[PDB]
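Asks: Below are the structure tokens for one structure; questions will follow.
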Amino acid sequence: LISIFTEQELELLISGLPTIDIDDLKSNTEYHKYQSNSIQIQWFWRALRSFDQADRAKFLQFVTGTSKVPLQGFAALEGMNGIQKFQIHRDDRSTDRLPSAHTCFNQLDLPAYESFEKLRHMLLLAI
Amino acid sequence: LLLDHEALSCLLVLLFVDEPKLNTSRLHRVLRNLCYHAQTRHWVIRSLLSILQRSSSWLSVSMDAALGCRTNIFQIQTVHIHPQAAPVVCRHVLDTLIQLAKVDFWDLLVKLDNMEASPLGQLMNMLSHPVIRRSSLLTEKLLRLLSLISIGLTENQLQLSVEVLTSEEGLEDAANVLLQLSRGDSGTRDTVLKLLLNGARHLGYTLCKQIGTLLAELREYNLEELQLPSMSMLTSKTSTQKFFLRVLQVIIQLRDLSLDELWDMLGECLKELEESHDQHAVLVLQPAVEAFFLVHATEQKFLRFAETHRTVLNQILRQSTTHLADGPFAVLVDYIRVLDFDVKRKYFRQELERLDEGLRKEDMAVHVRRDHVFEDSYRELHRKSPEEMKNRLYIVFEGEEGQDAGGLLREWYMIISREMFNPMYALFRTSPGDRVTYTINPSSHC
């Protein structure tokens, strides 16, 4: 009966769905090869705003390795080497592969997916 | 012979006069007791059935039937019942026959005025006759009667037309009739199954026509909320969806109907409703989806359906209060990627309550000291049974004042979830990389 939940959903069942201040995440996002006005990034923020609370939580767990929200805000987001901000990296490999996460750096590698619909589908299938 | 046929006829005239005060339940118990005598029973029933067929001066009984029409129930010229009074004479006679099923008259009647299993064939023909076939009440009563008695081809056709045309209790009595008849003979089983399939195919063909109008009107609506008038004949409580689903539920109850032209256009219709950026707009096809998963997913095509409509079937289930593991969509318990988190959470909480429904749950105290709660709880509970744990715990802190037990429980649980991660118990330690997560402490052997 517990096996109906996913490994994400069991955490979300025990500790509950968090409320994500997407403005705080955006304020604590680092863009490395994308930019904050890249079209794929505007698609990213549109997608993550369009995802329900459970898919947002599953994303935060996917990229940070947890659903736990830092009490102080994502400015206090810890990583392997001290406070590490959230971060999106452009994955310069082929755009027929999923985004990939390195949660100890809170690091997202994101291929330059050609469209909102395709990026949303690939992200939703990853999370 | 306790009573003669003139005294029985005098009693039976009471079924025609509609007086609210008259105790017709007492009259039914009088007729029932009289009908323990087999010859009396047989004459009483043959007269009551002649009254139904004839529904389809001492005897001057004026019944108010409609506005400005006060009919004489009896027309003597060979005795006829004025069709305005007929539905009440039918209603009282079927009321009496339901008790006799739990357990000449005209010529005698004019002589006054001048001063189980065999007739089941007549009662099945009775469904064809207009005063009955009109009235949902008389149909429901006659079906209840047949459902009691049940414990040929036209007579089953007339029972099935009650489903292809318009009473949830009356159609559940029709389900009881058609099943208990099929329990009788393999030949009636076969003829009723194949004629149910015939009716379900008619319903399916016209349902595919209706969904074709719906889909076309959704095309014409988009290509330039949803209140498409083609939707009205699907919303209707008496919609072909509900007739088709009813018939399929009876078919599947008899199993212990080839329509890919319906199912693939239900398909493209659902896909064009979901792409049309409206959500409850699917629910006008929910019973057709439940029929699809009835005919398919026999106790694959349903899996491809639940994939390509995953978010749609989730909207269905999320809207439905039908409990996931008692309805038709229970099969997808094991293919779980096709459900939403909160759908699975609801299924969890209801199926858990189903398994533990036999347990009476009590309240149960837990007495702890604020400085030792963790070890006091270990001592008190770690030998308790799972069913004692399933009791609602209320926590008493030594000498503290009373307070709300719910807030005090939430605080107590919070304190425990903290004390879990005190290194002094050596239960859990942080990942050296993340430093905010926790996994089993490999140093708990201390």
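Lettering and numbering for the structure tokens are positional, with chains as A, B, ... in the shown order, residues counted from 1 in each chain, and ligands counted from 1 in the shown order.
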Give me the residues near stretch 5-15 of chain A as a PyMOL selection string, where near means some atom within 7 Å (using only C-alpha atoms) and where sequence neighbours in that chain fewer than 3 positions away do not count.
Replies: (chain A and resi 2+58) or (chain B and resi 341+344)
Asks: Which residues of chain A are close to chain B, meaning at most 7 Å apart when you count only C-alpha atoms, and how do they look as a count of residues only?
Replies: 7
Asks: DSSP on the backbone, then: every residue of chain A marked helix (DSSP H, G or I), written as a short mmCIF file (atom, residue, chain, number, x, y, z; two decimals) with N, CA and C atoms, in the first residue's frame.
Replies:
```
data_model
loop_
_atom_site.label_atom_id
_atom_site.label_comp_id
_atom_site.auth_asym_id
_atom_site.auth_seq_id
_atom_site.Cartn_x
_atom_site.Cartn_y
_atom_site.Cartn_z
N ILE A 2 2.00 1.24 0.66
CA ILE A 2 2.89 2.39 0.51
C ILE A 2 3.57 2.37 -0.84
N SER A 3 3.71 1.19 -1.46
CA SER A 3 4.42 1.09 -2.72
C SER A 3 3.67 1.76 -3.88
N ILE A 4 2.51 2.37 -3.63
CA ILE A 4 1.84 3.12 -4.69
C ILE A 4 2.49 4.48 -4.88
N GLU A 7 9.33 7.46 -4.70
CA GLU A 7 10.36 7.89 -3.76
C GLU A 7 10.31 9.38 -3.48
N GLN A 8 9.80 10.17 -4.43
CA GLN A 8 9.50 11.57 -4.16
C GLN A 8 8.25 11.67 -3.31
N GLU A 9 7.22 10.94 -3.71
CA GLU A 9 5.91 11.11 -3.12
C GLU A 9 5.89 10.62 -1.68
N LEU A 10 6.74 9.64 -1.32
CA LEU A 10 6.81 9.25 0.08
C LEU A 10 7.38 10.37 0.95
N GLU A 11 8.40 11.08 0.47
CA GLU A 11 8.87 12.26 1.19
C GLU A 11 7.80 13.33 1.27
N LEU A 12 7.09 13.56 0.17
CA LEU A 12 6.04 14.58 0.17
C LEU A 12 4.85 14.17 1.03
N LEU A 13 4.67 12.87 1.26
CA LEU A 13 3.61 12.36 2.13
C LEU A 13 4.00 12.48 3.59
N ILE A 14 5.27 12.25 3.91
CA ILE A 14 5.72 12.29 5.30
C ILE A 14 5.87 13.73 5.76
N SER A 15 6.53 14.57 4.95
CA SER A 15 6.89 15.92 5.36
C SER A 15 5.99 16.98 4.73
N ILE A 22 8.71 31.01 -5.67
CA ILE A 22 9.45 31.02 -6.92
C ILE A 22 10.21 32.33 -7.09
N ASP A 23 9.71 33.42 -6.51
CA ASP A 23 10.48 34.66 -6.56
C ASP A 23 11.77 34.53 -5.76
N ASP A 24 11.74 33.78 -4.66
CA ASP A 24 12.95 33.54 -3.89
C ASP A 24 13.91 32.63 -4.64
N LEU A 25 13.39 31.59 -5.29
CA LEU A 25 14.26 30.73 -6.09
C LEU A 25 14.90 31.52 -7.23
N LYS A 26 14.09 32.26 -7.98
CA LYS A 26 14.62 33.11 -9.05
C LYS A 26 15.65 34.09 -8.51
N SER A 27 15.40 34.65 -7.32
CA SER A 27 16.36 35.53 -6.68
C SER A 27 17.62 34.78 -6.25
N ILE A 39 15.45 32.49 -24.05
CA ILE A 39 14.07 32.09 -24.30
C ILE A 39 13.77 30.76 -23.63
N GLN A 40 14.73 29.84 -23.64
CA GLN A 40 14.58 28.60 -22.88
C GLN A 40 14.46 28.86 -21.38
N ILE A 41 15.06 29.93 -20.87
CA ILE A 41 14.92 30.25 -19.44
C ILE A 41 13.56 30.87 -19.15
N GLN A 42 13.06 31.73 -20.04
CA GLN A 42 11.70 32.24 -19.87
C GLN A 42 10.70 31.09 -19.95
N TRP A 43 10.96 30.13 -20.83
CA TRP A 43 10.20 28.89 -20.86
C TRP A 43 10.34 28.10 -19.56
N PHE A 44 11.55 28.04 -19.00
CA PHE A 44 11.74 27.38 -17.71
C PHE A 44 10.88 27.99 -16.61
N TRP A 45 10.94 29.32 -16.47
CA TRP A 45 10.15 29.96 -15.42
C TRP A 45 8.65 29.85 -15.69
N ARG A 46 8.23 29.94 -16.95
CA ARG A 46 6.84 29.71 -17.29
C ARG A 46 6.40 28.28 -16.97
N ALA A 47 7.21 27.29 -17.34
CA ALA A 47 6.93 25.90 -17.02
C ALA A 47 6.84 25.66 -15.52
N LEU A 48 7.85 26.09 -14.77
CA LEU A 48 7.86 25.84 -13.33
C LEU A 48 6.73 26.57 -12.62
N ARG A 49 6.35 27.75 -13.12
CA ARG A 49 5.14 28.39 -12.62
C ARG A 49 3.88 27.60 -12.99
N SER A 50 3.86 26.96 -14.16
CA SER A 50 2.69 26.19 -14.58
C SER A 50 2.58 24.83 -13.90
N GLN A 53 2.00 22.14 -7.36
CA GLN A 53 2.87 22.11 -6.19
C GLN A 53 3.66 20.81 -6.09
N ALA A 54 3.05 19.70 -6.50
CA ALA A 54 3.76 18.43 -6.42
C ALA A 54 4.86 18.31 -7.46
N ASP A 55 4.63 18.78 -8.69
CA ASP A 55 5.71 18.74 -9.66
C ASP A 55 6.80 19.77 -9.36
N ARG A 56 6.45 20.92 -8.78
CA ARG A 56 7.47 21.83 -8.28
C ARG A 56 8.31 21.21 -7.17
N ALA A 57 7.66 20.56 -6.21
CA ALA A 57 8.39 19.90 -5.13
C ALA A 57 9.27 18.78 -5.67
N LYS A 58 8.74 17.99 -6.60
CA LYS A 58 9.53 16.95 -7.26
C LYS A 58 10.72 17.52 -8.01
N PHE A 59 10.57 18.69 -8.63
CA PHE A 59 11.72 19.37 -9.23
C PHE A 59 12.76 19.79 -8.19
N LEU A 60 12.31 20.42 -7.10
CA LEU A 60 13.26 20.84 -6.07
C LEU A 60 14.00 19.65 -5.49
N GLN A 61 13.29 18.55 -5.25
CA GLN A 61 13.91 17.29 -4.83
C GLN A 61 14.86 16.72 -5.88
N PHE A 62 14.46 16.81 -7.15
CA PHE A 62 15.27 16.32 -8.26
C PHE A 62 16.61 17.05 -8.37
N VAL A 63 16.62 18.36 -8.13
CA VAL A 63 17.81 19.17 -8.39
C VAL A 63 18.62 19.42 -7.12
N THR A 64 17.95 19.54 -5.97
CA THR A 64 18.62 19.72 -4.70
C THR A 64 18.76 18.43 -3.91
N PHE A 74 16.21 30.61 0.01
CA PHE A 74 17.21 29.93 -0.80
C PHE A 74 18.57 30.63 -0.77
N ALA A 75 18.64 31.86 -0.26
CA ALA A 75 19.95 32.43 0.04
C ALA A 75 20.74 31.54 0.99
N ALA A 76 20.08 30.83 1.90
CA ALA A 76 20.74 29.92 2.82
C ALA A 76 20.80 28.50 2.27
N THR A 103 23.04 17.05 -7.25
CA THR A 103 22.37 17.71 -6.14
C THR A 103 23.34 18.24 -5.09
N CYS A 104 24.54 17.66 -4.99
CA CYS A 104 25.51 18.15 -4.01
C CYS A 104 26.04 19.53 -4.37
N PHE A 105 25.98 19.90 -5.65
CA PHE A 105 26.24 21.26 -6.09
C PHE A 105 24.95 22.00 -6.37
N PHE A 116 9.11 25.50 -25.97
CA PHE A 116 8.41 25.40 -24.69
C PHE A 116 7.78 24.03 -24.51
N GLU A 117 7.01 23.57 -25.49
CA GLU A 117 6.32 22.29 -25.35
C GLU A 117 7.30 21.14 -25.13
N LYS A 118 8.35 21.07 -25.95
CA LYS A 118 9.33 20.00 -25.80
C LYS A 118 10.09 20.09 -24.48
N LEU A 119 10.52 21.29 -24.09
CA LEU A 119 11.20 21.46 -22.81
C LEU A 119 10.29 21.05 -21.66
N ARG A 120 9.02 21.46 -21.70
CA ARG A 120 8.08 21.10 -20.64
C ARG A 120 7.89 19.60 -20.58
N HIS A 121 7.75 18.95 -21.73
CA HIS A 121 7.57 17.50 -21.74
C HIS A 121 8.79 16.80 -21.17
N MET A 122 9.99 17.22 -21.58
CA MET A 122 11.20 16.55 -21.10
C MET A 122 11.41 16.77 -19.61
N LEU A 123 11.19 18.00 -19.13
CA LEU A 123 11.28 18.29 -17.70
C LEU A 123 10.25 17.52 -16.89
N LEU A 124 8.99 17.50 -17.35
CA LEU A 124 7.96 16.76 -16.64
C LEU A 124 8.23 15.26 -16.62
N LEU A 125 8.79 14.71 -17.71
CA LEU A 125 9.18 13.31 -17.68
C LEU A 125 10.38 13.05 -16.78
N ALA A 126 11.31 14.01 -16.67
CA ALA A 126 12.42 13.84 -15.75
C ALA A 126 11.95 13.85 -14.30
#
```
Asks: As an MDAnalysis selection string, please: the residues near stretch 145-162 of chain B (cut-off 6 Å, only C-alpha atoms, same-chain neighbours under 4 positions excluded).
Replies: chainID B and resid 98 124:125 166 173 176:177 180
Asks: Among chain A, which residues carry a DSSP assignment of strand (DSSP E), reported as an MDAnalysis selection string?
Replies: chainID A and resid 29:31 78:79 82:83 86:91 100:102 107:111
Asks: Any chance you could export the current selection's N, CA, C and O atoms as a compact mmCIF listing (two decimals), in the first residue's frame?
Replies:
```txt
# COMPACT_ATOMS: atom_id res chain seq x y z
N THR A 29 18.84 32.04 -8.10
CA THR A 29 19.24 31.25 -9.26
C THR A 29 20.53 31.82 -9.83
O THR A 29 20.72 33.04 -9.86
N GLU A 30 21.41 30.94 -10.27
CA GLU A 30 22.62 31.32 -10.98
C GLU A 30 22.54 30.79 -12.40
O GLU A 30 22.31 29.59 -12.60
N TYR A 31 22.76 31.65 -13.39
CA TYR A 31 22.74 31.23 -14.78
C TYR A 31 24.18 31.24 -15.28
O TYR A 31 24.87 32.25 -15.15
N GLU A 78 22.19 25.32 1.26
CA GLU A 78 23.49 24.71 1.47
C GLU A 78 23.82 23.78 0.32
O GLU A 78 22.94 23.16 -0.29
N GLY A 79 25.11 23.67 0.01
CA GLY A 79 25.65 22.68 -0.89
C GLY A 79 26.82 21.97 -0.27
O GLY A 79 27.02 22.03 0.95
N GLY A 82 29.57 24.78 1.41
CA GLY A 82 28.93 25.95 1.98
C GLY A 82 27.69 26.38 1.21
O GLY A 82 27.16 25.65 0.38
N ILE A 83 27.19 27.56 1.55
CA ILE A 83 25.98 28.07 0.92
C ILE A 83 26.17 28.12 -0.59
O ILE A 83 27.02 28.86 -1.10
N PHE A 86 21.00 28.03 -6.08
CA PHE A 86 20.51 27.16 -7.13
C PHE A 86 21.20 27.58 -8.43
O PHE A 86 21.66 28.70 -8.57
N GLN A 87 21.28 26.66 -9.39
CA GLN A 87 22.06 26.98 -10.58
C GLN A 87 21.62 26.16 -11.79
O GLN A 87 21.38 24.95 -11.67
N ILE A 88 21.51 26.82 -12.93
CA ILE A 88 21.10 26.21 -14.20
C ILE A 88 22.28 26.30 -15.16
O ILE A 88 22.79 27.40 -15.42
N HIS A 89 22.70 25.16 -15.69
CA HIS A 89 23.79 25.10 -16.65
C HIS A 89 23.24 24.59 -17.97
O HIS A 89 22.42 23.67 -18.00
N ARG A 90 23.69 25.20 -19.07
CA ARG A 90 23.32 24.72 -20.39
C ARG A 90 24.14 23.48 -20.70
O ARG A 90 25.38 23.51 -20.65
N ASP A 91 23.46 22.38 -21.02
CA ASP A 91 24.09 21.12 -21.40
C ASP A 91 24.31 21.12 -22.91
O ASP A 91 23.37 20.94 -23.68
N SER A 100 19.89 17.00 -16.43
CA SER A 100 20.61 16.17 -15.47
C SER A 100 20.99 17.00 -14.25
O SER A 100 21.22 18.21 -14.36
N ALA A 101 21.01 16.36 -13.09
CA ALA A 101 21.15 17.06 -11.83
C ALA A 101 22.31 16.49 -11.02
O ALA A 101 22.59 15.29 -11.05
N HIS A 102 22.99 17.39 -10.30
CA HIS A 102 24.11 17.07 -9.42
C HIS A 102 23.82 17.74 -8.08
O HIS A 102 24.21 18.89 -7.85
N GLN A 107 23.14 21.48 -8.85
CA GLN A 107 23.49 21.89 -10.21
C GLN A 107 22.55 21.24 -11.21
O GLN A 107 22.37 20.02 -11.20
N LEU A 108 21.95 22.06 -12.08
CA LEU A 108 21.21 21.57 -13.24
C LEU A 108 22.00 21.79 -14.53
O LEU A 108 22.40 22.92 -14.83
N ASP A 109 22.22 20.72 -15.28
CA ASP A 109 22.67 20.80 -16.66
C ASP A 109 21.43 20.64 -17.54
O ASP A 109 20.71 19.65 -17.43
N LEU A 110 21.18 21.63 -18.40
CA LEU A 110 19.94 21.71 -19.17
C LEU A 110 20.24 21.87 -20.66
O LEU A 110 20.75 22.93 -21.07
N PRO A 111 19.97 20.87 -21.49
CA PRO A 111 20.10 21.07 -22.94
C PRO A 111 19.20 22.19 -23.45
O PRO A 111 18.16 22.51 -22.86
```
Asks: With only C-alpha atoms as the atoms that count, which of A:85, A:65, A:35, A:114 lies nearest to residue A:127?
Replies: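 Closest to residue A:127 of all the choices is A:65.
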Asks: Contacts of residue B:123 at 10 Å or less, counting only C-alpha atoms, minus same-chain residues fewer than 5 places along, as a PDB file with N, CA, C and O atoms, in the first residue's frame?
Replies:
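Below you can see result30.pdb, which holds the result:
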```pdb
ATOM      1  N   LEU B  49     -55.048 -10.124 -11.972  1.00  0.00           N
ATOM      2  CA  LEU B  49     -54.467 -10.044 -13.306  1.00  0.00           C
ATOM      3  C   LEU B  49     -55.489  -9.660 -14.373  1.00  0.00           C
ATOM      4  O   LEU B  49     -55.154  -8.911 -15.303  1.00  0.00           O
ATOM      5  N   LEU B  52     -55.565  -5.921 -14.064  1.00  0.00           N
ATOM      6  CA  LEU B  52     -54.495  -5.226 -14.779  1.00  0.00           C
ATOM      7  C   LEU B  52     -54.756  -5.203 -16.278  1.00  0.00           C
ATOM      8  O   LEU B  52     -54.621  -4.154 -16.925  1.00  0.00           O
ATOM      9  N   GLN B  53     -55.170  -6.336 -16.845  1.00  0.00           N
ATOM     10  CA  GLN B  53     -55.427  -6.369 -18.280  1.00  0.00           C
ATOM     11  C   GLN B  53     -56.587  -5.459 -18.672  1.00  0.00           C
ATOM     12  O   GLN B  53     -56.569  -4.871 -19.757  1.00  0.00           O
ATOM     13  N   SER B 118     -46.335 -19.495 -13.386  1.00  0.00           N
ATOM     14  CA  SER B 118     -47.007 -19.474 -14.687  1.00  0.00           C
ATOM     15  C   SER B 118     -47.470 -18.084 -15.112  1.00  0.00           C
ATOM     16  O   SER B 118     -47.160 -17.676 -16.245  1.00  0.00           O
ATOM     17  N   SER B 128     -45.534  -4.277 -21.811  1.00  0.00           N
ATOM     18  CA  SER B 128     -45.807  -3.660 -23.101  1.00  0.00           C
ATOM     19  C   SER B 128     -46.988  -2.704 -23.072  1.00  0.00           C
ATOM     20  O   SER B 128     -47.117  -1.877 -23.980  1.00  0.00           O
ATOM     21  N   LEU B 142     -43.879  -3.142 -10.878  1.00  0.00           N
ATOM     22  CA  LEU B 142     -43.955  -4.387 -11.628  1.00  0.00           C
ATOM     23  C   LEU B 142     -42.597  -5.069 -11.722  1.00  0.00           C
ATOM     24  O   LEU B 142     -42.504  -6.300 -11.678  1.00  0.00           O
ATOM     25  N   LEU B 143     -41.530  -4.283 -11.847  1.00  0.00           N
ATOM     26  CA  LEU B 143     -40.186  -4.842 -11.856  1.00  0.00           C
ATOM     27  C   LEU B 143     -39.779  -5.397 -10.499  1.00  0.00           C
ATOM     28  O   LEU B 143     -39.161  -6.459 -10.427  1.00  0.00           O
ATOM     29  N   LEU B 145     -41.875  -6.653  -8.488  1.00  0.00           N
ATOM     30  CA  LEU B 145     -42.654  -7.882  -8.455  1.00  0.00           C
ATOM     31  C   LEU B 145     -41.963  -9.015  -9.203  1.00  0.00           C
ATOM     32  O   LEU B 145     -41.797 -10.116  -8.668  1.00  0.00           O
ATOM     33  N   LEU B 146     -41.619  -8.779 -10.466  1.00  0.00           N
ATOM     34  CA  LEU B 146     -40.847  -9.745 -11.239  1.00  0.00           C
ATOM     35  C   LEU B 146     -39.546 -10.145 -10.552  1.00  0.00           C
ATOM     36  O   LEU B 146     -39.117 -11.299 -10.647  1.00  0.00           O
ATOM     37  N   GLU B 155     -41.029 -11.617 -24.209  1.00  0.00           N
ATOM     38  CA  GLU B 155     -41.112 -11.226 -22.807  1.00  0.00           C
ATOM     39  C   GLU B 155     -39.762 -10.768 -22.250  1.00  0.00           C
ATOM     40  O   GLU B 155     -39.696  -9.773 -21.509  1.00  0.00           O
TER      41      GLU B 155
END
```
Asks: Tell me, in Å to one decimal, how far atom CA of residue B:24 is from atom CA of residue B:12.
Replies: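 Atom-to-atom, atom CA of residue B:24 and atom CA of residue B:12 are spaced 10.8 Å apart.
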Asks: What lies within 12 Å of residue B:384 using only C-alpha atoms, ignoring chain neighbours under 6 positions off, as a list in words?
Replies: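 Non-adjacent residues within range: residues 364, 366, 377, 378, 390 and 391 of chain B.
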Asks: Work out how far atom CA of residue A:73 is from atom CA of residue A:21, in Å to one decimal.
Replies: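 Atom-to-atom, atom CA of residue A:21 to atom CA of residue A:73, that is 8.5 Å.
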Asks: If I take atom CA of residue B:43 and atom CA of residue B:4, how far is one from the other in Å, to one decimal?
Replies: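 Separation between atom CA of residue B:43 and atom CA of residue B:4: 10.4 Å.
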